[PDB]
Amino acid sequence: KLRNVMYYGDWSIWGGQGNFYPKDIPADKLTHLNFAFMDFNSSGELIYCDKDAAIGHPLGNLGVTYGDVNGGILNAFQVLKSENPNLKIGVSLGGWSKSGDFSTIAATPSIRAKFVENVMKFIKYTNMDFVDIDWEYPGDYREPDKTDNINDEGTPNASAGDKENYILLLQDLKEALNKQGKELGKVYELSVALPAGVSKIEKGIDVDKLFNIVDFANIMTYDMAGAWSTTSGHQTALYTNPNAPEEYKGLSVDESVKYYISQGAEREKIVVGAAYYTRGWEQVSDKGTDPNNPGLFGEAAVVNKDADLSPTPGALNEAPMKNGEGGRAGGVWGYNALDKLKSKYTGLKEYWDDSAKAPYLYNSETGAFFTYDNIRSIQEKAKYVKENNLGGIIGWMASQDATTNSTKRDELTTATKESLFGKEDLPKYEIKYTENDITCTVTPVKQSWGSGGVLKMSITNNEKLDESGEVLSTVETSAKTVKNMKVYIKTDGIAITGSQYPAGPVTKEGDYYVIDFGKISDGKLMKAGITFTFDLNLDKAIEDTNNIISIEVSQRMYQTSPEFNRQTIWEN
């Protein structure tokens, strides 16, 4: 079974990525959606990159106020899955900028165990389905590049022990996932992000052992050429053009996959990467390296400067170059910004390298050169996956895809899905939720005056908050809040004519009376430990509860989103 995997960065929601909220992800076209990234410290405690993004932002949902506990990307992912049950949702830990604490965690069994325990709790409270470990990279000594990213940790504590310790970490995670999956009655998966190139693999990836632990592995077959080099090239090519110079030999999807297989990787677990952005160079001279691809593998003149004044051959980026926030000139433009790119760099012509099956843009008069993925190269990558019995495709990243006919950013995502799977719907999966500890009492009220009767009902959220630290306490608080509660009451011969605050309004829907706490501002987010006690009005006085059959409750993340976790709280 193939996979169509997508990264979604938590910073998608701000202006740099055009304020792209999860509801506009084409989730019916994905099998796996990675929340990128969760940080963590050297003691194994999880740490947010952007707390408001993760747990507080309203994300375009009309009834959500900033900071409301049903806000945030993590809750939005749950809604995407409810609305698109083909989808598995998961969490990417680390990434290029937050891999600095892996070496320490992986080296000490007690810290490894704490990290694993915290990740298991996280995915329990967020109802996530997989864990993706993006250790970039084990055994690779690297300092931060604060000009690129003030928050970059690098991997300054890398060591030769990382290769074996990563295997231990992955083994611990998979065993914990197996255990928790059995406890909760669900299937979990474990994935990793892997380097494309041989030297990084040799430094830190025990291929054969790793592939026997993970469910699948995402090969980062992008960023394989760029402004760190003074030779133009393809950054994410399917095949190695035979004219490639030594520095780019090996750095294609095909050669990377073939190397992994030669080292023991199981084909069906290999997911290959597609980049939804350009890289490029300001001023490339055609050296005639490949006469059939002008400008390719040409010499890039060192004519620009980074934000820290370092000379560079890189072209300008879509975003302004600022020290500490995209400070390196890399020719980096989102796929959805190719029209902006062409307005800034005029005179670009589109080329296709038939030997690499990769597009590029080149101005033969100015020398500007950009390398990227398009619909055609993604279709070629998909054909390669199918013909070689590989595992799927991963895209980096969602917010960079282009709109087609709606507000969804889905041009490349749709092309990927249809080339892998065709036009039919993706398989759907059952979604399980853990019932909340919700109890209730019902008490007939003696009313010697007036007409009708009264039933006094109390509903209690018996959950209690135990987790410590910002990450686990916030996801726990959300999970143990009863959200937009609907109460379904089935009676035999008893009519509920009305309801009173703190109850929401009551209606008859089929054989049930339904109380909608989504319509009570004080009742729509019922925190742990809270009780609502309220009067229900009846058409006739009642002396016992014998004609009350059942009371059930359901939740909704938003007033608009699907009901879930329907559970019985009182039965006769």
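Just count from 1 along the sequence shown to find any residue number.
Open item on the list: Can you tell me whether 212-220 has a higher mean C-alpha B factor than 313-321 in this record, or the other way round?
Closed with: Per the PDB record, 313-321.
- [ ] Identify the stretch, either 444-452 or 153-161, whose C-alpha atoms have the larger mean B-factor according to the entry.
- [x] Result of the comparison: 444-452.
- [ ] By the entry's C-alpha temperature factors, tell me which of 170, 272, 332, 184 sits highest.
- [x] Within the set 170, 272, 332, 184, 184 shows the top C-alpha B-factor.
Task: Among 240, 82, 477, 388 - the residue whose C-alpha B-factor is largest in the record - done: That would be 477, according to the entry.
Task: Lowest, middle or highest third - CA B-factor, residue 484 - done: Its C-alpha B-factor, which the entry lists for residue 484, ranks in the middle third among residues of this chain.
- [ ] Determine, from the deposited record, the chain-internal third of the Cα B-factor for residue 506: lowest, middle or highest.
- [x] Its C-alpha B-factor, which the entry lists for residue 506, ranks in the highest third among residues of this chain.
Task: Assigned third (lowest, middle, highest) for the C-alpha B factor of residue 38 - done: For residue 38, whose C-alpha B-factor we compare with every modelled residue in the chain, the answer is the middle third.
TODO: Quick one: classify residue 401 as lowest, middle or highest third of the chain based on its Cα B-factor.
DONE: Lowest third.
TODO: Could you say whether, by C-alpha temperature factor, residue 549 belongs to the lowest, middle or highest third of its chain?
DONE: As the PDB entry reports it, the C-alpha B-factor of residue 549 lands in the highest third of its chain.
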